[PDB]
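Peer 1: Need coordinates for the below:
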Amino acid sequence: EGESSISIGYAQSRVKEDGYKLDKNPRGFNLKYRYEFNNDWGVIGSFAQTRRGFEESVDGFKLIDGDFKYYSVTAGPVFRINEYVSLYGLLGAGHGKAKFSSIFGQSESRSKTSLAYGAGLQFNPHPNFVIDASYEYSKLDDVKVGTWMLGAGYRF
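Peer 2: Residues are numbered from 1 along each chain as shown. Below is the structure in question.
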């Protein structure tokens, strides 16, 4: 196969809420995979996932929590700008999953569909050091979602 690069970073999605957490930022991880690095052209895929997890505390306002997970996947073309920098765009869709805890002969689950788009760039200050910066945003009529990713990887 062609040359591939592995990069990892932290992923957080800012969401509007009544007062959950301070920055309303959930904890998640983003794994990036690049196929056909070549030089003239290439492609890049972005994967991210997160889950609510706040320590129990008595505020009197209860905790929304929700015990749910959010997944999103995007992909797009990559074009080198100079001799060590490239610009690429991410396009796809975001999905959310939720499960209710109860005892029944069957289980119940619901899914949601949202648009996913964003942009990212690759910067290599050193041959063996690459910094990846990508972000994603979903457009909902009532819910506004802001997501950013920060990490680094190595070229293989």
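Peer 1: can you count the residues close to residue 74?
Peer 2: Look at residue 74: counted by other Cβ atoms under 10 Å, it has 21 neighbours. (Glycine included, C-beta is placed from N, CA and C.)
Peer 1: For the spatially most central residue of the chain, give its distance to residue 117.
Peer 2: With distances taken as Cα atoms, centre = their mean, residue 48 lies nearest the centre of the chain, 3.5 Å away. Here the criterion is Cβ to Cβ, to the nearest Å. By it, residue 48 lies 13 Å from residue 117.
Peer 1: Please apply the same query to residue 57.
Peer 2: Separation of residue 57 from residue 117 (Cβ to Cβ) stands at 35 Å.
Peer 1: And for residue 144?
Peer 2: 14 Å.
Peer 1: for the residue lying farthest from the centre of the chain, helix, strand, or coil?
Peer 2: Each residue of the chain has a distance to the centre, and by Cα atoms, centre = their mean the biggest one is for residue 105: 35.0 Å. Applying DSSP: H, G, I helix; E, B strand; the rest coil to residue 105 yields a three-state assignment of coil.
Peer 1: Please identify the buried residues of the lengthiest strand in the chain?
Peer 2: Longest strand in the chain, counting residues (DSSP state E): strand 109-126. Across strand 109-126, burial judged by 16 or more other Cβ atoms under 10 Å covers 116-118, 120, 122, 124.
Peer 1: likewise stretch 37-52?
Peer 2: 37, 42, 44, 46-48, 50, 52.
Peer 1: cool, and stretch 29-39?
Peer 2: 30-32, 34-35, 37.
Peer 1: Tabulate these (TSV), appending distance to residue 76 and secondary structure.
Peer 2: Below are the buried residues of stretch 29-39 laid out as TSV (distance: Cβ to Cβ, whole Å; DSSP: H, G, I helix; E, B strand; the rest coil):
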residue	distance to residue 76	secondary structure
30	15	strand
31	16	strand
32	12	strand
34	12	strand
35	12	strand
37	15	coil
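Peer 1: residue ranges of the helices in this structure, please?
Peer 2: For the chain, no helices are identified by DSSP state H.
Peer 1: just the strands in it please.
Peer 2: For the chain, strands defined by DSSP E occupy the ranges 4-15, 27-35, 42-51, 69-80, 85-99, 109-126, 129-139, 144-155.
Peer 1: Pull the contacting residues for residue 152.
Peer 2: 7-9, 129-132 (Cβ atoms under 8 Å, 6 or more residues apart in numbering).
Peer 1: count of neighbours near residue 78?
Peer 2: Counted with other Cβ under 10 Å, the neighbours of residue 78 add up to 20.
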